[PDB]
$ cat model-v2.cif   # mmCIF, C-alpha atoms
data_work
#
loop_
_atom_site.label_atom_id
_atom_site.label_comp_id
_atom_site.auth_asym_id
_atom_site.auth_seq_id
_atom_site.Cartn_x
_atom_site.Cartn_y
_atom_site.Cartn_z
CA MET A 1 23.86 -39.57 23.71
CA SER A 2 23.55 -40.56 20.07
CA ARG A 3 25.75 -41.35 17.10
CA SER A 4 27.31 -38.31 15.48
CA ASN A 5 27.17 -37.73 11.74
CA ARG A 6 30.42 -37.17 9.90
CA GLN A 7 31.57 -33.85 8.48
CA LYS A 8 32.95 -34.05 4.96
CA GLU A 9 34.52 -37.49 5.16
CA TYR A 10 32.95 -40.71 6.36
CA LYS A 11 34.14 -42.05 9.69
CA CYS A 12 33.21 -44.46 12.46
CA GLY A 13 29.51 -44.26 13.25
CA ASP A 14 28.80 -43.72 9.57
CA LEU A 15 26.04 -45.87 8.14
CA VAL A 16 26.27 -46.90 4.51
CA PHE A 17 25.39 -49.73 2.15
CA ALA A 18 27.87 -52.58 2.33
CA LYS A 19 27.69 -55.48 -0.10
CA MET A 20 29.33 -58.88 0.14
CA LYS A 21 30.26 -61.69 -2.23
CA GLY A 22 27.02 -63.43 -3.10
CA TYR A 23 25.23 -60.90 -0.93
CA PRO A 24 23.43 -57.81 -2.26
CA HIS A 25 24.19 -54.35 -0.93
CA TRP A 26 22.96 -54.59 2.64
CA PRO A 27 22.68 -51.86 5.28
CA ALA A 28 25.91 -52.11 7.24
CA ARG A 29 27.60 -49.62 9.53
CA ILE A 30 31.23 -48.54 9.44
CA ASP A 31 33.63 -49.72 12.12
CA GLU A 32 37.36 -49.69 12.76
CA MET A 33 39.41 -52.85 13.13
CA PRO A 34 40.15 -53.36 16.83
CA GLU A 35 43.25 -55.01 18.26
CA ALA A 36 42.09 -56.38 21.59
CA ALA A 37 40.47 -59.76 21.09
CA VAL A 38 42.74 -60.42 18.13
CA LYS A 39 45.39 -58.68 16.06
CA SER A 40 43.76 -57.03 13.07
CA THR A 41 45.59 -56.45 9.81
CA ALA A 42 46.23 -53.56 7.46
CA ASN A 43 44.44 -52.49 4.30
CA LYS A 44 41.10 -53.53 5.75
CA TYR A 45 38.12 -52.04 7.54
CA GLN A 46 35.54 -53.36 9.97
CA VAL A 47 31.98 -53.45 8.69
CA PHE A 48 28.90 -54.31 10.72
CA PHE A 49 25.96 -55.78 8.85
CA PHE A 50 22.56 -55.09 10.36
CA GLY A 51 20.38 -57.31 8.21
CA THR A 52 22.53 -60.30 9.07
CA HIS A 53 23.61 -58.76 12.35
CA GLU A 54 27.20 -59.84 11.85
CA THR A 55 30.57 -58.23 11.23
CA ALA A 56 32.67 -58.72 8.12
CA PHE A 57 36.07 -57.45 7.04
CA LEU A 58 35.28 -55.06 4.21
CA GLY A 59 36.61 -51.78 2.84
CA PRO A 60 35.43 -48.73 0.89
CA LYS A 61 35.13 -50.84 -2.23
CA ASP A 62 32.54 -52.88 -0.37
CA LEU A 63 30.87 -49.76 0.95
CA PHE A 64 28.88 -47.19 -0.99
CA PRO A 65 27.31 -43.93 0.21
CA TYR A 66 23.71 -42.96 -0.48
CA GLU A 67 24.88 -40.23 -2.83
CA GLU A 68 26.61 -42.80 -5.00
CA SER A 69 24.10 -45.56 -4.30
CA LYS A 70 21.21 -43.29 -5.21
CA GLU A 71 23.33 -42.15 -8.13
CA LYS A 72 22.94 -45.55 -9.76
CA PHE A 73 20.49 -47.54 -7.67
CA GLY A 74 20.90 -47.34 -3.92
CA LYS A 75 18.07 -49.84 -3.69
CA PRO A 76 19.23 -53.46 -3.55
CA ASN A 77 17.00 -56.51 -3.84
CA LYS A 78 14.11 -56.37 -1.41
CA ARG A 79 14.52 -59.56 0.57
CA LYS A 80 13.27 -60.66 3.97
CA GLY A 81 16.52 -59.68 5.65
CA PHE A 82 16.30 -56.45 3.69
CA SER A 83 13.02 -55.24 5.15
CA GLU A 84 13.83 -56.23 8.71
CA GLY A 85 17.43 -55.29 8.05
CA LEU A 86 16.83 -51.75 6.86
CA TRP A 87 14.43 -51.51 9.78
CA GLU A 88 17.04 -53.12 12.00
CA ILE A 89 19.23 -50.08 11.44
CA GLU A 90 16.54 -47.44 11.08
CA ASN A 91 14.56 -49.06 13.87
CA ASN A 92 17.08 -50.82 16.07
CA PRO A 93 15.72 -53.08 18.81
CA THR A 94 17.87 -51.75 21.63
CA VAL A 95 17.03 -48.11 21.00
CA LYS A 96 17.56 -45.31 23.49
CA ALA A 97 18.52 -42.23 21.51
CA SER A 98 15.65 -40.08 20.29
CA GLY A 99 14.86 -41.11 16.73
CA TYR A 100 12.11 -42.46 14.51
#

$ encode --input "model-v2.cif" --output "structure tokens"
Amino acid sequence: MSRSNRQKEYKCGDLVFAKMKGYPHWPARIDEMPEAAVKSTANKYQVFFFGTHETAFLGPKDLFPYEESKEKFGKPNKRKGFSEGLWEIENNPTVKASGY
């Protein structure tokens, strides 16, 4: 009916700030590496970027929680893809689950 928040440890369905090489910490969701379309590898995690709306192979080193993010900054450069991006996650287009 709607994504479920984690307990004590982050897991699939967990939304955090994922940054990429040349790209500032963007709002990306956590995802596990599937093995259907292709054969994933080890020591790697699936990350889904909202702003860009694309997936990228990242890990925990490329993902930071709000607690930590807010600890230092938690607020990356405010770009065009940042506004619509952060809103792309907070205000997805294909909504359905109660949320604002």

$ atom_distance --input "model-v2.cif" --atom1 "atom CA of residue 98 of chain A" --atom2 "atom CA of residue 34 of chain A"
28.1 Å

$ closest_residue --input "model-v2.cif" --among "A:50, A:61, A:89, A:27" --to "residue 77 of chain A" --atoms "only C-alpha atoms"
A:27

$ residues_around --input "model-v2.cif" --residues "segment 4-13 of chain A" --least-positions-apart "5" --cutoff "12 Å" --atoms "only C-alpha atoms" --output "PDB file with C-alpha atoms, keeping the file's coordinate frame"
ATOM      1  CA  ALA A  28      25.910 -52.110   7.240  1.00  0.00           C
ATOM      2  CA  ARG A  29      27.600 -49.620   9.530  1.00  0.00           C
ATOM      3  CA  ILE A  30      31.230 -48.540   9.440  1.00  0.00           C
ATOM      4  CA  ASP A  31      33.630 -49.720  12.120  1.00  0.00           C
ATOM      5  CA  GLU A  32      37.360 -49.690  12.760  1.00  0.00           C
ATOM      6  CA  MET A  33      39.410 -52.850  13.130  1.00  0.00           C
ATOM      7  CA  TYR A  45      38.120 -52.040   7.540  1.00  0.00           C
ATOM      8  CA  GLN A  46      35.540 -53.360   9.970  1.00  0.00           C
ATOM      9  CA  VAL A  47      31.980 -53.450   8.690  1.00  0.00           C
ATOM     10  CA  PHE A  48      28.900 -54.310  10.720  1.00  0.00           C
ATOM     11  CA  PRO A  60      35.430 -48.730   0.890  1.00  0.00           C
ATOM     12  CA  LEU A  63      30.870 -49.760   0.950  1.00  0.00           C
ATOM     13  CA  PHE A  64      28.880 -47.190  -0.990  1.00  0.00           C
ATOM     14  CA  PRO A  65      27.310 -43.930   0.210  1.00  0.00           C
ATOM     15  CA  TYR A  66      23.710 -42.960  -0.480  1.00  0.00           C
ATOM     16  CA  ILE A  89      19.230 -50.080  11.440  1.00  0.00           C
ATOM     17  CA  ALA A  97      18.520 -42.230  21.510  1.00  0.00           C
TER      18      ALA A  97
END

$ residues_around --input "model-v2.cif" --residues "residue 24 of chain A" --least-positions-apart "6" --cutoff "10 Å" --atoms "only C-alpha atoms" --output "PyMOL selection string"
chain A and resi 17-18+75-79+82

$ write_last_selection --input "model-v2.cif" --atoms "C-alpha atoms" --output "mmCIF file, in the frame of the given file"
data_model
loop_
_atom_site.group_PDB
_atom_site.id
_atom_site.type_symbol
_atom_site.label_atom_id
_atom_site.label_comp_id
_atom_site.auth_asym_id
_atom_site.auth_seq_id
_atom_site.Cartn_x
_atom_site.Cartn_y
_atom_site.Cartn_z
ATOM 1 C CA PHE A 17 25.390 -49.730 2.150
ATOM 2 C CA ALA A 18 27.870 -52.580 2.330
ATOM 3 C CA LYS A 75 18.070 -49.840 -3.690
ATOM 4 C CA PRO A 76 19.230 -53.460 -3.550
ATOM 5 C CA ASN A 77 17.000 -56.510 -3.840
ATOM 6 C CA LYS A 78 14.110 -56.370 -1.410
ATOM 7 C CA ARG A 79 14.520 -59.560 0.570
ATOM 8 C CA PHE A 82 16.300 -56.450 3.690
#

$ atom_distance --input "model-v2.cif" --atom1 "atom CA of residue 62 of chain A" --atom2 "atom CA of residue 19 of chain A"
5.5 Å

$ atom_distance --input "model-v2.cif" --atom1 "atom CA of residue 85 of chain A" --atom2 "atom CA of residue 15 of chain A"
12.8 Å

$ closest_residue --input "model-v2.cif" --among "A:87, A:26, A:73, A:100" --to "residue 54 of chain A" --atoms "all atoms listed in the file"
A:26

$ closest_residue --input "model-v2.cif" --among "A:53, A:25, A:3, A:96" --to "residue 69 of chain A" --atoms "only C-alpha atoms"
A:25

$ closest_residue --input "model-v2.cif" --among "A:37, A:51, A:1, A:43" --to "residue 90 of chain A" --atoms "only C-alpha atoms"
A:51

$ axis_aligned_box --input "model-v2.cif" --around "segment 61-79 of chain A" --padding-each-side "5 Å" --output "AutoDock Vina command-line options"
--center_x 24.6 --center_y -49.9 --center_z -4.4 --size_x 31.0 --size_y 29.3 --size_z 20.7

$ closest_residue --input "model-v2.cif" --among "A:44, A:80, A:39, A:70" --to "residue 56 of chain A" --atoms "all atoms listed in the file"
A:44

$ closest_residue --input "model-v2.cif" --among "A:93, A:2, A:35, A:16" --to "residue 59 of chain A" --atoms "all atoms listed in the file"
A:16

$ build_atoms --input "model-v2.cif" --residues "segment 24-37 of chain A" --atoms "N, CA, C and O atoms" --output "compact mmCIF listing (two decimals), in the frame of the given file"
# COMPACT_ATOMS: atom_id res chain seq x y z
N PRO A 24 23.75 -59.11 -1.69
CA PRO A 24 23.43 -57.81 -2.26
C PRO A 24 23.69 -56.70 -1.25
O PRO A 24 23.67 -56.93 -0.04
N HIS A 25 23.93 -55.51 -1.78
CA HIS A 25 24.19 -54.35 -0.93
C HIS A 25 23.21 -54.34 0.24
O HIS A 25 22.01 -54.14 0.06
N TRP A 26 23.76 -54.57 1.43
CA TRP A 26 22.96 -54.59 2.64
C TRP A 26 23.36 -53.39 3.50
O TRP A 26 24.46 -52.86 3.35
N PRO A 27 22.43 -52.99 4.40
CA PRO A 27 22.68 -51.86 5.28
C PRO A 27 23.64 -52.25 6.40
O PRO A 27 23.25 -52.91 7.36
N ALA A 28 24.88 -51.82 6.25
CA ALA A 28 25.91 -52.11 7.24
C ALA A 28 26.56 -50.80 7.70
O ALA A 28 26.67 -49.85 6.92
N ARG A 29 26.97 -50.79 8.95
CA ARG A 29 27.60 -49.62 9.53
C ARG A 29 29.12 -49.73 9.42
O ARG A 29 29.66 -50.82 9.26
N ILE A 30 29.78 -48.58 9.52
CA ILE A 30 31.23 -48.54 9.44
C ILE A 30 31.82 -48.75 10.84
O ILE A 30 31.25 -48.30 11.83
N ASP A 31 32.95 -49.44 10.87
CA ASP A 31 33.63 -49.72 12.12
C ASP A 31 35.12 -49.91 11.86
O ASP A 31 35.51 -50.37 10.79
N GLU A 32 35.91 -49.56 12.87
CA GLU A 32 37.36 -49.69 12.76
C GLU A 32 37.81 -51.05 13.31
O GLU A 32 37.20 -51.58 14.23
N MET A 33 38.87 -51.57 12.71
CA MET A 33 39.41 -52.85 13.13
C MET A 33 40.15 -52.73 14.47
O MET A 33 41.18 -52.07 14.55
N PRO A 34 39.57 -53.39 15.50
CA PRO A 34 40.15 -53.36 16.83
C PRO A 34 41.39 -54.26 16.90
O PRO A 34 41.71 -54.96 15.94
N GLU A 35 42.05 -54.21 18.05
CA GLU A 35 43.25 -55.01 18.26
C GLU A 35 43.32 -55.49 19.71
O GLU A 35 44.39 -55.48 20.32
N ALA A 36 42.17 -55.90 20.22
CA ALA A 36 42.09 -56.38 21.59
C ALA A 36 41.93 -57.90 21.59
O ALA A 36 42.85 -58.62 21.97
N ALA A 37 40.76 -58.34 21.15
CA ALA A 37 40.47 -59.76 21.09
C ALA A 37 41.52 -60.46 20.22
O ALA A 37 42.08 -61.48 20.61
